[PDB]
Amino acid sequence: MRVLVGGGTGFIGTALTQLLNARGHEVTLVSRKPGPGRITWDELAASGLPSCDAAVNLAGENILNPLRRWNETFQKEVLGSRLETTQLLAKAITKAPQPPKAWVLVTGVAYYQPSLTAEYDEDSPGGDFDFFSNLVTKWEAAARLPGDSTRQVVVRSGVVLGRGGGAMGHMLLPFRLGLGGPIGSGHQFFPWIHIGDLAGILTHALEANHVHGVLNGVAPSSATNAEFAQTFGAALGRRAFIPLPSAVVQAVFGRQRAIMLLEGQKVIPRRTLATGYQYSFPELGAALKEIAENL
């Protein structure tokens, strides 16, 4: 198969590319910057969709980035970067003469209302109660193709844990130094997935032609944030006793982003499991042990 990966230079994208190649597929990236093995957004809009059997979009301004203040400008970039790139790919697919057989988008579990009691699956309602839930709705809308010529999948992802980027990029050194611990009360649900398993789900979506619709990109786990901190400390052989108060996380990230850190959704990957996909790292300990033992 030949796969076009929008935003594929990134964290998830790099893992997805390695797995796709390993499984016998050719990959072309869409990127803001030109180069080998890739085309630019400007080029896609100009001359259209290159030959491909399947397409994925991962493109997005980084949300968690502590170096940017949560203002309206940054908000506009978070939203615009995702809708525009997604829409551009969608329109390119619709007007391609030999359109691709599959089209897969990654969005987020932010769709589901954070709660200490609720339980969500892929059929659960949401997308309408805060900025990030509204984002996911519009984002998915931007991807939606009419017609059945191209198989459509949306993977709503939890926190993607892996070596060499993402959230672990920010957490790994402090935890290694004994500065880790729970965020807030620690009671909040921690929806997570090992990068290998997000990469795997996406690949399965691309390969298996019975897969359609929404899939929750989360390990079938019930971790809370307190359980995450403790398991991560154990895996590194370190003290992880230092709580981050809510006020401090809000100070650094802002009220709105802080939601992603201080609160959580219990998310079940019901439909994901129903696709026949089988997790390499379903249990949190095993996942963090892989990350910790390889550095």
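Numbering starts at 1 and follows the sequence shown.
Enquirer: Mind pulling up the entry and telling me whether 225-233 or 247-255 has the higher mean Cα temperature factor?
Expert: If you average the C-alpha B-factors of 225-233 and of 247-255, the larger mean comes out for 247-255.
Enquirer: Which is higher on mean Cα B factor in this entry, 260-268 or 34-42?
Expert: Looking at the recorded C-alpha B-factors, 34-42 comes out higher on average.
Enquirer: Which one, 220, 127, 169, 100, has the peak C-alpha temperature factor per the PDB entry?
Expert: Each of 220, 127, 169, 100 was compared by C-alpha B-factor; the highest is 100.
Enquirer: Using the entry's values, work out which of 153, 193, 177, 90 has the largest Cα B factor.
Expert: Result of the comparison over 153, 193, 177, 90: 90.
Enquirer: Lowest, middle or highest third: which one holds residue 282 when the chain's residues are ordered by CA B-factor from the entry?
Expert: Lowest third.
Enquirer: What third of the chain, by the recorded C-alpha B-factor, contains residue 71?
Expert: Highest third.
Enquirer: Among the modelled residues of this chain, does the Cα B factor of residue 55 put it in the lowest, middle or highest third?
Expert: Its C-alpha B-factor belongs to the middle third of this chain's values.
Enquirer: Based on the entry's values, in what third of the chain does the Cα temperature factor of residue 123 lie: lowest, middle or highest?
Expert: According to the entry, residue 123 has a C-alpha B-factor in the chain's middle third.
Enquirer: Going by the entry, which third of its chain does the Cα temperature factor of residue 96 land in?
Expert: Ranked within chain, residue 96 CA B lands in the highest tercile.
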